[PDB]
Amino acid sequence: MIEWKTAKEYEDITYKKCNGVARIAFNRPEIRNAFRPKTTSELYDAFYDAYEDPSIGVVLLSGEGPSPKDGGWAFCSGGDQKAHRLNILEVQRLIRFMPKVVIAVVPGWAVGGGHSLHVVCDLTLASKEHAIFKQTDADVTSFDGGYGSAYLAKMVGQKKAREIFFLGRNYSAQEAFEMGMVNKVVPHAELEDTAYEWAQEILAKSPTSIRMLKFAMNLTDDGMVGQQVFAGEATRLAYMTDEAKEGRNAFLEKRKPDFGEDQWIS
Amino acid sequence: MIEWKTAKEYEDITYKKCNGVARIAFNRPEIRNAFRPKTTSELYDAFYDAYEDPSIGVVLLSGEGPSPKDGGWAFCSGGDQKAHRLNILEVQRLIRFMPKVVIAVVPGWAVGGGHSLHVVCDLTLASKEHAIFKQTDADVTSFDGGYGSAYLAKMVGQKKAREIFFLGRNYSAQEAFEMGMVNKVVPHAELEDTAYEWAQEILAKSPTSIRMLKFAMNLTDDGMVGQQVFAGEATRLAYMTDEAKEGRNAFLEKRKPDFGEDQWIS
Amino acid sequence: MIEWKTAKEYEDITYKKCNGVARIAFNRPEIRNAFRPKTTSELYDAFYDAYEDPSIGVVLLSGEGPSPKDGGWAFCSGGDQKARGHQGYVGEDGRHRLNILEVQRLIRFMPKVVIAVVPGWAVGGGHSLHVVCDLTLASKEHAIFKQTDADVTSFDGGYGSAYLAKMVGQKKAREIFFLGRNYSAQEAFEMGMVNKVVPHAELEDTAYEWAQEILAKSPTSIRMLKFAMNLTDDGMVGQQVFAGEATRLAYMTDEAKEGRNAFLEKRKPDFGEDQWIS
Amino acid sequence: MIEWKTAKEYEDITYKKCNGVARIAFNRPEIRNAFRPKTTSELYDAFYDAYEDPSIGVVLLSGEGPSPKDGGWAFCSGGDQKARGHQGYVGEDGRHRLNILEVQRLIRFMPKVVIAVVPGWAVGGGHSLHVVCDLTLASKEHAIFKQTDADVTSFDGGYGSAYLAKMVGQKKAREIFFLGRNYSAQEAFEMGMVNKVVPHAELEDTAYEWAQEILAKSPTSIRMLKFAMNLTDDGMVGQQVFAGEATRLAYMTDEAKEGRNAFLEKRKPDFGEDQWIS
Amino acid sequence: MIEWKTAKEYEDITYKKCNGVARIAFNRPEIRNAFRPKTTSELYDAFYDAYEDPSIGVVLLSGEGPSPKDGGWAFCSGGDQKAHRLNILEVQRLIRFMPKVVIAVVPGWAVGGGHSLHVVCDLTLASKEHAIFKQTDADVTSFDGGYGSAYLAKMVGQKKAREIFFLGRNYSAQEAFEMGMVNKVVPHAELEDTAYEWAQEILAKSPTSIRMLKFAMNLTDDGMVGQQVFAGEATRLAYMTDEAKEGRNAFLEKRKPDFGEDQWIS
Amino acid sequence: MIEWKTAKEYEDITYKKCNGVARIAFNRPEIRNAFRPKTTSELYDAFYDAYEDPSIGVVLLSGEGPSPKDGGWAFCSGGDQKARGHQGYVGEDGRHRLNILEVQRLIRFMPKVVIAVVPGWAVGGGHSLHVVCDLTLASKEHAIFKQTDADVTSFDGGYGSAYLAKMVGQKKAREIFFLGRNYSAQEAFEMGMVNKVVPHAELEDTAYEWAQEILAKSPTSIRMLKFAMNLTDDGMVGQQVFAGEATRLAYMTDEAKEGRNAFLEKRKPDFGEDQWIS
């Protein structure tokens with residue numbers, strides 16, 4: 001079994017770590033893991049901790065369950081329509097920009113804002129038997145006009161993204177795999193174990209490659225922000241060079257740098 | 001049965017309305033619903049009427065049939081190669097920018113400019129038995145270098161869009177569904193009824209959500225024009241606020257607006 | 001003297017043509033040439049006529065004046081706030097519309113050069129109309145540029161602001177909207193949104209002379225260049241427009257005559273040998 | 001006199017508030033207001049407080065001074081090279097971080113106008129901080145803009161350079177980085193990256209007056225306009241931010257009250273008739 | 001049989017031509033067709049020849065085989081990790097910008113830089129039995145942050161592109177077809193013949209259409225460079241007009257051009 | 001005096017090198033330095049040599065002169081219209097080519113700074129060559145910038161026009177092409193497409209001094225900064241070029257040595273602990 005260690009106690013979510021993997025999970029299954037403002041604040045807190053922890057290279061975002069009421073399963077049913085407060089867009093940006101791979105692990109309903117959270121994650125694994133993808137934004141006069149819709153079109157195409165939002169129908173794990181927004185359909189009993197196995201495959205890679213590749217694939221859609229993030233990681237690589245040591249040292253010693261000869265390579 | 005009411009009489013197309021749905025259909029099945037300049041002018045006229053009619057939230061673009069010659073079915077075979085005149089690009093832009101969902105209903109051949117008309121529609125439903133998607137632009141030294149090709153890549157990907165144009169082969173409804181440019185394969189006998197059912201599901205949604213979501217998904221590809229259209233709808237939402245009432249009233253009364261305290265929320 | 005001939009009669013604007021130039025001008029100077037819904041409908045009607053007239057290569061967008069009330073000059077002071085309500089400007093048919101945006105797109109996409117001719121105040125939506133025009137000429141003495149959107153809980157978040165940054169840069173575009181200060185013609189020239197500062201008495205004549213210089217150029221070049229400079233900002237729409245003009249050029253070739261002829265004759269086209277040039 | 005009240009005490013910066021304006025200023029003038037990791041953490045902390053304070057609509061980012069050592073004035077001379085090492089700047093916790101980029105994004109995304117107030121040298125990373133601010137006011141006598149990145153094998157390849165080209169153009173942005181020369185306040189104004197050249201003794205007061213002009217505007221307009229002018233360059237992130245503010249406007253409508261109420265009551269919403277307006 | 005004619009002799013590749021088709025193939029099957037710097041230089045040389053040859057409209061990029069060691073098949077295993085030198089990015093740009101259709105023909109392993117070469121080609125045909133797609137960049141602290149990853153997302157979507165790079169797993173021809181980066185799965189014995197048949201279908205099209213369509217589909221992703229290339233081909237079309245003859249002639253004769261009347265069409 | 005050494009002999013251009021600078025200059029001043037197909041081939045050949053020479057960090061692109069015929073100075077007057085025909089410029093091999101675009105891309109992508117040095121007329125395609133260079137220095141007395149594309153049914157719809165708008169803004173770029181008027185060096189500086197107005201007798205020496213200032217910088221910084229400022233406009237190609245230089249930096253790390261060594265040795269790489277930094 002996976003030897004999870006609780007990282008912090010929360011009211012609406014769980015947060016655990018094991019061998020380079022952090023798992024953040026919605027923990028209100030009695031109401032199908034809808035988020036209220038308290039939930040979003042805790043999500044931000046846990047994701048920010050994972051962002052700052054250099055031992056963590058992969059974050060799993062999942063849902064606990066099943067519901068004690070009807071035995072049903074949920075990833076996240078979106079905004080608790082009953083309800084500065086940290087909002088879900090700041091959480092989306094933290095997922096997007098952090099130099100860690102974020103995997104949505106979907107055991108059940110992924111609805112509305114819960115659907116858009118799955119979309120912005122780098123990868124999605126979904127329960128064969130119980131994942132249901134559904135967009136209710138247009139039912140309640142809301143809309144995720146950013147990562148939930150326009151970015152959804154970057155994985156399922158523009159026709160299917162429009163269908164998802166305009167009709168608000170349900171889609172199975174297999175249907176979502178066939179359209180391009182689920183990476184793998186996994187038998188429910190194996191979903192969490194398989195998510196951890198995927199995470200460990202990533203954690204065996206070059207961390208520099210993983211960071212640079214995440215940020216390259218963000219860059220094509222994220223404009224100047226994506227450029228800022230990708231270029232910032234490149235600045236980090238330049239800083240490690242002997243050329244950078246000379247640049248800094250010459251500045252500190254108040255002398256002209258000598259960067260060498262025949263350096264204008266191609 | 002659907003209780004269609006004829007909206008206007010045309011020579012080359014039909015135009016009818018029912019319960020929030022407008023249907024515009026090519027009506028030259030004897031020549032597989034090719035468009036001539038008269039056809040394009042009528043298309044523009046009917047789409048513009050639907051654009052201006054606040055009762056209409058969904059436009060179906062279809063083809064009448066079958067051919068009296070051979071019993072075959074067509075959506076639209078594109079430009080009548082026999083032939084300011086309103087051209088098909090102005091029709092494409094009207095489909096693209098109107099705050100209504102436009103559904104291509106494809107009962108048969110969708111060829112050349114007819115193919116590109118299906119592509120720019122927000123959704124496509126296609127006849128299982130009789131829809132055939134085919135791009136003939138490269139056969140006749142033409143090209144739709146905008147919504148027909150580059151935008152096709154935003155729903156089927158860049159490899160498949162290139163194949164469609166470079167080889168000009170035929171694709172079935174099922175093949176087109178699997179590549180991402182058809183939303184649903186529908187038995188021919190149910191195609192028109194199912195299109196109307198899809199339309200009624202959309203018409204039950206929030207019209208503000210539908211407009212904003214269409215324009216958000218346009219925005220990612222349509223650059224400054226997409227920004228103009230999306231921001232224009234946001235300006236409309238701002239105008240409804242009490243803050244806007246005060247802005248207008250203060251201007252008219254030649255006094256400084258009082259927008260209140262602690263308004264710089266996040 | 002320019003031999004203008006009135007093209008159509010309107011309530012809120014004037015529309016005249018001469019030797020390849022159309023002039024559309026706001027004609028409600030007593031209220032500083034604000035546009036009400038009727039004005040916007042008439043603007044669309046005149047611009048679309050110019051778009052469809054193949055003798056017209058340049059459209060001047062100007063303002064008549066001065067005010068008979070107080071002697072002030074205006075290009076356009078933006079939306080008439082007396083018509084503003086819920087969801088937009090309320091027309092005589094009851095609709096709440098924001099269709100100056102449709103006028104903006106007509107200006108943007110038409111294969112003709114549109115020159116804003118600014119004899120006075122250019123405020124709010126009137127400022128944004130100047131911005132979306134291809135060129136702007138401004139009265140030295142009396143043109144004043146001012147963005148009031150943020151005063152009245154409005155915003156042009158498209159061609160009025162983001163596109164403004166493509167001619168004056170992002171710092172200056174932000175300044176114009178966030179503070180809503182006045183800028184003279186010379187300041188507007190120095191920041192990059194005015195092409196030429198002209199003495200007021202010469203402004204209309206100079207706009208006509210600019211138009212005649214454009215009309216002496218290759219119309220294909222002018223179309224393709226306008227659409228190329230649109231393309232870098234207009235995304236897929238800009239691509240549709242620019243590629244569409246390219247398709248028009250391909251249609252003229254002997255290669256396309258063969259493609260169409262082979263299709264009509266049910267035979268395989270013969271496009272020749274060694275055609276894969278670079 | 002401005003009645004500033006200290007909001008929080010910091011080691012390397014000052015943070016004060018008055019009547020809707022927050023002022024964050026570098027306060028290590030003896031080393032020309034360079035930032036070390038502690039400075040960057042404190043900048044983030046103060047900017048995030050301003051972001052969360054709904055009374056604050058404008059943030060001034062300035063520099064204290066002059067140096068008591070040599071009398072020189074600085075806005076910010078960039079990263080403290082004594083803290084620079086492998087992989088970035090080394091903090092007291094041992095981490096090698098480049099988190100001025102997180103500060104840059106906080107400035108960029110916050111629904112408040114951030115004005116760089118430049119009383120002296122703005123060098124390197126300090127130059128790039130001025131660039132990402134919404135507006136810049138500069139000391140006529142003493143502001144000097146200089147990019148040293150290429151001298152020390154560094155580069156700001158995002159908001160410091162590519163975004164600089166969105167206010168001064170691509171030729172001038174390339175010049176600033178490739179040669180690393182000095183530019184006065186007036187040169188910086190003429191190229192488009194400084195909004196106003198101000199006498200040094202009036203710089204801080206004028207920045208406050210600019211802030212008060214913004215604070216008299218519609219806050220919805222200011223937010224939507226900042227995010228519209230961000231959107232044209234910030235791609236999907238800019239779309240997320242701008243659309244998110246639009247979603248906030250939709251939430252306020254009676255239409256959204258019906259959507260939410262129908263959902264909570266397990267009934268079909270009734271959004272009315274003839275709603276498909278244009 | 002296809003009557004190939006050897007175009008030039010090389011050490012690490014083969015280069016042949018037949019009836020408008022050029023074929024460039026990796027020819028180091030004993031090491032699974034990895035490229036060393038010599039290989040990349042030869043690739044550039046052969047592609048540049050094909051670019052300059054007006055008889056050539058389609059280039060096939062393939063791999064020779066099988067390995068004499070184990071009978072295995074390879075397209076290209078990427079960089080020979082053993083190893084101005086022409087590098088693979090200049091080859092990618094030559095493939096991208098040349099006014100010819102480039103088809104990746106994948107008979108076996110397509111790994112690392114070999115995978116990214118398949119991605120940038122306009123079309124990909126793959127061996128049903130033996131093609132294996134695998135991204136090893138993250139195993140060796142490398143990354144193709146351009147056409148290999150961000151452009152891969154333009155054909156398989158952002159979720160699947162991230163999976164390919166972050167986990168570095170193997171994918172079959174059929175799996176690659178289902179995600180969108182392979183145009184057709186072909187029985188191994190028919191792969192090369194089918195690639196030539198595809199090429200001949202392209203070569204029967206309008207060369208102007210093919211060029212303009214390739215460059216239109218590049219334009220949506222290639223920014224100002226894509227604009228330069230697409231507009232350059234449009235300049236070529238303008239030069240052919242009688243209007244251009246008058247423009248040139250008036251310049252040479254030092255007189256005002258007369259471009260005619262009523263030319264401002266729409 | 002600069003100790004130039006001729007690098008290669010050409011018919012239509014000169015090509016010399018000194019201390020890290022290459023100078024490529026048009027050398028047909030009797031026809032105002034127009035380029036024929038042979039010129040374009042030679043330009044490509046010289047630029048590619050400079051690209052491959054690791055001692056060369058800066059390339060000056062200039063014009064020789066004056067004309068011995070009429071004493072006039074030219075940078076480059078664009079395509080030689082005597083060679084223009086169907087489908088492009090006709091070379092000695094019979095091909096109709098537009099391969100100044102290949103030269104434009106070589107300038108754009110090479111990891112060296114290219115400075116246009118403009119001693120005289122810069123017209124048409126010669127104007128567009130100046131635009132795509134990273135920097136432009138211009139003769140105060142004699143540089144004249146003029147776009148004739150629209151006079152001859154041509155257009156540079158890429159780096160010549162859309163990219164021009166990224167340094168002078170969209171209104172001015174439209175003016176330059178639609179009217180085809182002359183602009184002095186000072187006007188070109190004021191609009192943002194010229195970096196420095198230089199006395200004619202000092203122009204070449206000042207270009208060399210600018211080059212030496214760049215050559216004293218970090219070559220990695222200069223490469224990464226050029227490619228970062230390209231990236232914001234060059235889309236996926238710009239991303240390919242910038243990311244490719246980043247891959248080169250990763251290759252140098254001890255982490256990459258381990259990745260490659262583990263691969264060659266058929267073992268799992270050990271990239272260390274706590275590596276997921278931020």
# chains A, B, ... in the order shown; residues from 1 in each chain; ligands from 1
>>> residues_around(residues="residue 129 (chain E)", least_positions_apart="5", cutoff="12 Å", atoms="only C-alpha atoms", output="list in words")
residues 72, 73, 74, 106, 107, 108, 109, 171, 172, 173, 174, 175, 185, 186, 187, 188, 189, 190 and 191 of chain E
>>> write_last_selection(atoms="N, CA, C and O atoms", output="tab-separated table (two decimals), in the first residue's frame")
chain	number	residue	atom	x	y	z
E	72	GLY	N	14.87	-5.79	-36.20
E	72	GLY	CA	13.94	-4.73	-35.84
E	72	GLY	C	13.94	-3.59	-36.82
E	72	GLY	O	14.87	-3.39	-37.61
E	73	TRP	N	12.88	-2.80	-36.76
E	73	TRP	CA	12.67	-1.68	-37.67
E	73	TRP	C	12.74	-0.35	-36.94
E	73	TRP	O	12.28	-0.23	-35.80
E	74	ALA	N	13.30	0.65	-37.61
E	74	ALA	CA	13.33	2.00	-37.03
E	74	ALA	C	13.08	3.06	-38.09
E	74	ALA	O	13.58	2.98	-39.21
E	106	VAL	N	6.85	6.11	-41.15
E	106	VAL	CA	7.44	5.59	-39.91
E	106	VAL	C	7.33	4.07	-39.91
E	106	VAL	O	6.26	3.53	-39.62
E	107	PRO	N	8.40	3.33	-40.20
E	107	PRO	CA	8.32	1.86	-40.21
E	107	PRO	C	8.66	1.22	-38.89
E	107	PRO	O	8.55	-0.02	-38.79
E	108	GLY	N	9.08	2.00	-37.90
E	108	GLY	CA	9.58	1.41	-36.67
E	108	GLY	C	9.71	2.45	-35.58
E	108	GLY	O	8.92	3.39	-35.53
E	109	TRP	N	10.71	2.29	-34.70
E	109	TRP	CA	10.94	3.25	-33.63
E	109	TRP	C	11.01	4.67	-34.15
E	109	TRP	O	11.80	4.98	-35.04
E	171	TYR	N	3.93	4.17	-27.78
E	171	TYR	CA	2.62	4.19	-28.41
E	171	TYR	C	2.69	3.52	-29.77
E	171	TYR	O	3.65	3.74	-30.53
E	172	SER	N	1.68	2.71	-30.08
E	172	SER	CA	1.60	2.01	-31.35
E	172	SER	C	1.11	2.96	-32.44
E	172	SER	O	0.66	4.07	-32.17
E	173	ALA	N	1.20	2.50	-33.69
E	173	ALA	CA	0.60	3.26	-34.78
E	173	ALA	C	-0.88	3.54	-34.53
E	173	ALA	O	-1.35	4.67	-34.75
E	174	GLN	N	-1.62	2.52	-34.08
E	174	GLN	CA	-3.06	2.70	-33.87
E	174	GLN	C	-3.31	3.68	-32.73
E	174	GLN	O	-4.21	4.53	-32.84
E	175	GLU	N	-2.52	3.61	-31.65
E	175	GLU	CA	-2.71	4.58	-30.58
E	175	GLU	C	-2.42	5.99	-31.05
E	175	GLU	O	-3.13	6.94	-30.68
E	185	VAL	N	-2.79	4.35	-40.47
E	185	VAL	CA	-2.09	3.14	-40.07
E	185	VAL	C	-2.08	2.21	-41.28
E	185	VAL	O	-3.14	1.92	-41.86
E	186	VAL	N	-0.89	1.77	-41.68
E	186	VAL	CA	-0.71	1.02	-42.92
E	186	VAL	C	0.00	-0.29	-42.60
E	186	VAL	O	1.00	-0.28	-41.87
E	187	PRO	N	-0.48	-1.42	-43.11
E	187	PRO	CA	0.28	-2.67	-42.95
E	187	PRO	C	1.72	-2.48	-43.39
E	187	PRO	O	1.99	-1.85	-44.42
E	188	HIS	N	2.65	-3.01	-42.59
E	188	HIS	CA	4.07	-2.78	-42.83
E	188	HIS	C	4.46	-3.04	-44.28
E	188	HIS	O	5.23	-2.27	-44.88
E	189	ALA	N	3.98	-4.16	-44.85
E	189	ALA	CA	4.38	-4.53	-46.20
E	189	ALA	C	3.93	-3.52	-47.24
E	189	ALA	O	4.48	-3.50	-48.34
E	190	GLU	N	2.93	-2.69	-46.93
E	190	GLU	CA	2.37	-1.73	-47.87
E	190	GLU	C	2.79	-0.31	-47.57
E	190	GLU	O	2.38	0.60	-48.28
E	191	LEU	N	3.55	-0.09	-46.50
E	191	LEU	CA	3.78	1.27	-46.00
E	191	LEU	C	4.45	2.16	-47.05
E	191	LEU	O	3.95	3.25	-47.35
>>> select_by_dssp(residues="region 38-213 of chain F", states="helix (DSSP H, G or I)", output="VMD selection string")
chain F and resid 38 to 52 81 to 83 100 to 109 125 to 132 149 to 151 165 to 168 170 to 179 185 to 191 200 to 213
>>> select_by_dssp(residues="region 15-245 of chain B", states="strand (DSSP E or B)", output="PyMOL selection string")
chain B and resi 15-18+21-26+35+58-63+74-76+79+101-106+109-111+123-127+132-134+170-172+184-186
>>> write_last_selection(atoms="N, CA and C atoms", output="short mmCIF file (atom, residue, chain, number, x, y, z; two decimals), in the first residue's frame")
data_model
loop_
_atom_site.label_atom_id
_atom_site.label_comp_id
_atom_site.auth_asym_id
_atom_site.auth_seq_id
_atom_site.Cartn_x
_atom_site.Cartn_y
_atom_site.Cartn_z
N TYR B 15 -35.99 29.07 -45.50
CA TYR B 15 -35.75 29.77 -44.24
C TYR B 15 -37.03 29.69 -43.41
N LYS B 16 -36.96 29.00 -42.27
CA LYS B 16 -38.13 28.73 -41.44
C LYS B 16 -37.74 28.92 -39.98
N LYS B 17 -38.75 29.11 -39.12
CA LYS B 17 -38.51 29.31 -37.69
C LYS B 17 -39.50 28.50 -36.87
N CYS B 18 -39.06 28.05 -35.70
CA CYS B 18 -39.94 27.35 -34.77
C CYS B 18 -39.34 27.42 -33.38
N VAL B 21 -35.73 28.42 -32.83
CA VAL B 21 -34.80 27.82 -33.77
C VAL B 21 -35.09 28.38 -35.15
N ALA B 22 -34.06 28.85 -35.85
CA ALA B 22 -34.17 29.18 -37.26
C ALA B 22 -33.48 28.09 -38.06
N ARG B 23 -34.07 27.71 -39.19
CA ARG B 23 -33.42 26.75 -40.07
C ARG B 23 -33.23 27.39 -41.44
N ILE B 24 -31.98 27.41 -41.91
CA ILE B 24 -31.61 27.88 -43.24
C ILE B 24 -31.10 26.68 -43.99
N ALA B 25 -31.66 26.39 -45.16
CA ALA B 25 -31.22 25.19 -45.86
C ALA B 25 -31.00 25.44 -47.35
N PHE B 26 -29.90 24.91 -47.88
CA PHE B 26 -29.71 24.92 -49.32
C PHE B 26 -30.83 24.15 -50.00
N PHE B 35 -23.60 26.47 -54.26
CA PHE B 35 -24.04 27.86 -54.18
C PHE B 35 -23.52 28.66 -55.36
N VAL B 58 -30.74 29.75 -31.80
CA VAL B 58 -30.01 28.68 -32.48
C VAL B 58 -30.40 28.71 -33.95
N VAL B 59 -29.42 28.66 -34.84
CA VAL B 59 -29.65 28.58 -36.28
C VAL B 59 -29.13 27.22 -36.74
N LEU B 60 -29.99 26.47 -37.42
CA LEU B 60 -29.58 25.25 -38.10
C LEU B 60 -29.28 25.59 -39.56
N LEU B 61 -28.12 25.18 -40.04
CA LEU B 61 -27.76 25.32 -41.45
C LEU B 61 -27.74 23.92 -42.04
N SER B 62 -28.65 23.64 -42.98
CA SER B 62 -28.83 22.28 -43.46
C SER B 62 -28.93 22.28 -44.98
N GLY B 63 -29.25 21.11 -45.53
CA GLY B 63 -29.54 21.00 -46.96
C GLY B 63 -30.82 20.23 -47.19
N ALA B 74 -27.34 15.95 -50.28
CA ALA B 74 -26.25 16.92 -50.15
C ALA B 74 -26.55 17.94 -49.07
N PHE B 75 -25.50 18.28 -48.31
CA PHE B 75 -25.50 19.51 -47.51
C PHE B 75 -25.22 20.71 -48.40
N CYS B 76 -24.03 20.74 -49.00
CA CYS B 76 -23.60 21.84 -49.84
C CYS B 76 -22.34 21.40 -50.57
N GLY B 79 -18.90 26.10 -54.16
CA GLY B 79 -19.08 27.08 -55.20
C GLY B 79 -19.47 26.45 -56.51
N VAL B 101 -26.05 30.22 -31.45
CA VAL B 101 -25.30 29.02 -31.79
C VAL B 101 -25.73 28.57 -33.18
N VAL B 102 -24.75 28.33 -34.06
CA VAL B 102 -25.04 27.89 -35.41
C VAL B 102 -24.60 26.43 -35.55
N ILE B 103 -25.54 25.57 -35.93
CA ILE B 103 -25.30 24.13 -36.05
C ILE B 103 -25.38 23.74 -37.51
N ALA B 104 -24.29 23.19 -38.03
CA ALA B 104 -24.32 22.59 -39.35
C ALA B 104 -25.00 21.24 -39.23
N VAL B 105 -26.01 21.03 -40.06
CA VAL B 105 -26.74 19.77 -40.14
C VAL B 105 -26.44 19.18 -41.51
N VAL B 106 -25.65 18.10 -41.55
CA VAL B 106 -25.06 17.65 -42.80
C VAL B 106 -25.73 16.34 -43.23
N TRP B 109 -23.36 15.20 -49.12
CA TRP B 109 -22.09 15.82 -49.52
C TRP B 109 -21.88 17.17 -48.85
N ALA B 110 -20.71 17.33 -48.23
CA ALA B 110 -20.24 18.63 -47.74
C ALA B 110 -18.86 18.84 -48.37
N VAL B 111 -18.82 19.62 -49.46
CA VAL B 111 -17.67 19.61 -50.37
C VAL B 111 -17.17 21.03 -50.58
N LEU B 123 -21.24 23.91 -34.14
CA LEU B 123 -21.41 22.47 -33.94
C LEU B 123 -21.75 21.85 -35.29
N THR B 124 -21.51 20.54 -35.44
CA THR B 124 -21.92 19.82 -36.65
C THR B 124 -22.55 18.49 -36.27
N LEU B 125 -23.73 18.24 -36.81
CA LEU B 125 -24.39 16.94 -36.71
C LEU B 125 -24.43 16.34 -38.10
N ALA B 126 -24.15 15.04 -38.23
CA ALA B 126 -24.01 14.49 -39.57
C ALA B 126 -24.72 13.15 -39.75
N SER B 127 -25.27 12.98 -40.95
CA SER B 127 -25.98 11.76 -41.33
C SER B 127 -25.05 10.55 -41.35
N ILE B 132 -20.92 12.95 -46.47
CA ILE B 132 -19.58 12.73 -47.00
C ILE B 132 -18.86 14.07 -46.96
N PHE B 133 -17.73 14.12 -46.27
CA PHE B 133 -16.92 15.32 -46.13
C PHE B 133 -15.76 15.24 -47.11
N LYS B 134 -15.58 16.27 -47.93
CA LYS B 134 -14.55 16.22 -48.98
C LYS B 134 -14.09 17.63 -49.30
N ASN B 170 -12.59 11.49 -49.52
CA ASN B 170 -13.89 11.48 -48.86
C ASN B 170 -13.79 10.91 -47.45
N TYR B 171 -14.60 11.46 -46.53
CA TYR B 171 -14.69 10.98 -45.16
C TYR B 171 -16.15 10.84 -44.76
N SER B 172 -16.45 9.74 -44.06
CA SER B 172 -17.80 9.46 -43.59
C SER B 172 -18.10 10.29 -42.34
N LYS B 184 -21.73 14.66 -33.47
CA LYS B 184 -22.55 13.48 -33.27
C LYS B 184 -22.92 12.92 -34.63
N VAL B 185 -22.82 11.60 -34.76
CA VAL B 185 -23.29 10.85 -35.91
C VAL B 185 -24.72 10.42 -35.62
N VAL B 186 -25.63 10.77 -36.52
CA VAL B 186 -27.06 10.58 -36.30
C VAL B 186 -27.64 9.78 -37.46
#
>>> closest_atom_pairs(of="region 20-127 of chain C", to="region 45-54 of chain B", cutoff="12 Å", atoms="only C-alpha atoms", output="Markdown table")
| residue | atom | partner | partner_atom | distance |
| --- | --- | --- | --- | --- |
| C:94 | CA | B:54 | CA | 11.9 |
| C:95 | CA | B:54 | CA | 9.5 |
| C:96 | CA | B:54 | CA | 11.3 |
| C:97 | CA | B:52 | CA | 10.7 |
| C:99 | CA | B:52 | CA | 11.5 |
>>> residues_around(residues="residue 155 (chain B)", least_positions_apart="2", cutoff="6 Å", atoms="only C-alpha atoms", output="PyMOL selection string")
(chain A and resi 157-158) or (chain B and resi 152-153+157+180-181)
>>> residues_around(residues="residue 136 (chain F)", least_positions_apart="4", cutoff="9 Å", atoms="only C-alpha atoms", output="list in words")
residues 171 of chain D; 114, 115, 116, 117, 118, 130, 131, 193, 194, 195 and 196 of chain F
>>> closest_atom_pairs(of="chain D", to="chain F", cutoff="8 Å", atoms="only C-alpha atoms", output="CSV")
residue,atom,partner,partner_atom,distance
D:97,CA,F:278,CA,6.4
D:98,CA,F:278,CA,8.0
D:149,CA,F:221,CA,7.2
D:150,CA,F:221,CA,5.0
D:151,CA,F:217,CA,5.2
D:152,CA,F:218,CA,6.8
D:153,CA,F:218,CA,5.2
D:154,CA,F:221,CA,5.9
D:155,CA,F:221,CA,5.9
D:156,CA,F:225,CA,7.7
D:157,CA,F:228,CA,5.2
D:158,CA,F:228,CA,7.2
D:161,CA,F:229,CA,6.3
D:162,CA,F:229,CA,4.7
D:165,CA,F:229,CA,7.5
D:166,CA,F:166,CA,7.5
D:168,CA,F:167,CA,7.3
D:169,CA,F:167,CA,3.9
D:170,CA,F:167,CA,5.0
D:171,CA,F:135,CA,5.5
D:172,CA,F:195,CA,6.4
D:174,CA,F:134,CA,6.7
D:175,CA,F:135,CA,6.8
D:177,CA,F:225,CA,7.4
D:178,CA,F:214,CA,5.7
D:179,CA,F:214,CA,5.5
D:191,CA,F:192,CA,7.3
>>> residues_around(residues="residue 82 (chain C)", least_positions_apart="2", cutoff="12 Å", atoms="only C-alpha atoms", output="PyMOL selection string")
(chain B and resi 245+248-253) or (chain C and resi 31+34-37+78-80+84-85+88-91)
